[PDB]
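Okay, structure first, notes after.
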Amino acid sequence: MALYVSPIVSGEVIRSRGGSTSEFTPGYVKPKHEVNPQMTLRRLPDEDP
Amino acid sequence: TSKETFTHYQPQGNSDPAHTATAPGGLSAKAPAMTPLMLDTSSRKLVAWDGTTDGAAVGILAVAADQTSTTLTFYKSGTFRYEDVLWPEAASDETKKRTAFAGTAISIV
């Protein structure tokens, strides 16, 4: 706060702030799937007969 | 993870100018900055404040030096925070430490 100080006896000063830092580096994911090259000769549950 | 704090360094306490001066040195060991100094009783060189000789404080060291330093640079005036001054351990009284520089231009806030 700045409680009372009168404009004759001006005094204490304030401080600047800061001082936090953190690093969270890597991450990764890769869900590979297959194509089934020989499953396409039949019919899917879709594609009405 | 790696908490690396960074805080601003403000030894100054007021808008009072911090004037420096140079005086012959009489240190006996390594002394970091912001250390109160007194005059030697016999030889009148500059020594680190013992924390027990009341009223003999004359200034605060401006730049860290050692016993090989012939001349020490120290402040003559200004306002300093109670936390930034490297007080001697023998001075364990808070009230005395607030008024250690009473009568001179140094002030402790």
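Following the order of the structure tokens, first chain is A, next is B, and so on, with residues numbered from 1 inside each chain and ligands from 1 in the order they appear.
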Within 8 Å of chain A, which residues of chain B show up when using only C-alpha atoms, listed as a ChimeraX atom specification?
/B:1-8,10,13-15,109
Export of the given selection (C-alpha atoms) as a short mmCIF file (atom, residue, chain, number, x, y, z; two decimals), in the first residue's frame:
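Saved to again_31.cif:
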data_model
loop_
_atom_site.label_atom_id
_atom_site.label_comp_id
_atom_site.auth_asym_id
_atom_site.auth_seq_id
_atom_site.Cartn_x
_atom_site.Cartn_y
_atom_site.Cartn_z
CA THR B 1 11.45 -28.58 -12.98
CA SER B 2 14.48 -26.27 -12.85
CA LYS B 3 13.16 -23.39 -10.76
CA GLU B 4 15.60 -20.63 -11.78
CA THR B 5 14.49 -17.48 -9.99
CA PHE B 6 15.47 -14.00 -11.19
CA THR B 7 14.94 -11.08 -8.80
CA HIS B 8 15.86 -7.44 -9.32
CA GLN B 10 17.93 -2.87 -5.43
CA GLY B 13 16.48 2.41 -0.22
CA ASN B 14 15.51 6.00 -1.02
CA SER B 15 16.00 8.68 -3.66
CA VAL B 109 15.26 1.20 6.05
#
Near-residue B:40 list (12 Å; only C-alpha atoms; drop same-chain fewer than 3 positions) as a PDB file with C-alpha atoms, in the first residue's frame:
ATOM      1  CA  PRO B  24      43.248   3.268   2.843  1.00  0.00           C
ATOM      2  CA  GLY B  25      42.401  -0.376   3.468  1.00  0.00           C
ATOM      3  CA  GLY B  26      43.324  -2.586   6.397  1.00  0.00           C
ATOM      4  CA  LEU B  27      41.343  -5.757   5.763  1.00  0.00           C
ATOM      5  CA  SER B  28      42.619  -9.117   6.989  1.00  0.00           C
ATOM      6  CA  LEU B  37      33.212  -0.841   7.913  1.00  0.00           C
ATOM      7  CA  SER B  43      46.185   2.261  13.222  1.00  0.00           C
ATOM      8  CA  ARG B  44      43.011   3.920  11.821  1.00  0.00           C
ATOM      9  CA  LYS B  45      42.770   1.709   8.746  1.00  0.00           C
ATOM     10  CA  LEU B  46      39.440   0.381   7.491  1.00  0.00           C
ATOM     11  CA  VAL B  47      38.232  -2.921   8.942  1.00  0.00           C
ATOM     12  CA  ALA B  48      35.045  -4.952   8.712  1.00  0.00           C
ATOM     13  CA  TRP B  49      32.467  -4.072  11.354  1.00  0.00           C
ATOM     14  CA  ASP B  50      32.642  -6.379  14.371  1.00  0.00           C
ATOM     15  CA  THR B  53      31.537  -1.692  18.752  1.00  0.00           C
ATOM     16  CA  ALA B  56      31.750   3.178  15.171  1.00  0.00           C
ATOM     17  CA  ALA B  57      30.208   2.348  11.785  1.00  0.00           C
ATOM     18  CA  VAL B  58      31.306   4.794   9.089  1.00  0.00           C
TER      19      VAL B  58
END
Residues within 9 Å of residue B:108, please, as a list in words. Count only C-alpha atoms; anything in the same chain fewer than 2 positions from it doesn't count.
residues 13, 78, 79, 80, 81, 82, 97, 98, 99, 100, 101 and 106 of chain B
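Around residue B:32, within 7 Å and counting only C-alpha atoms, the residues found are residues 30, 34, 35, 64 and 65 of chain B, once anything fewer than 2 positions away on its own chain is removed.
Our summary of the geometry notes that atom CA of residue B:102 is positioned 24.5 Å from atom CA of residue A:7.
From atom CA of residue B:42 back to atom CA of residue B:91, the distance works out to 22.1 Å.
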Quick check for you: according to DSSP on this backbone, which residues of chain B are classed as strand (DSSP E)? Reply as JSON, numbers by chain.
{"B": [20, 21, 22, 23, 24, 36, 37, 38, 39, 46, 47, 48, 57, 58, 59, 60, 61, 71, 72, 73, 74, 75, 78, 79, 80, 106, 107, 108]}
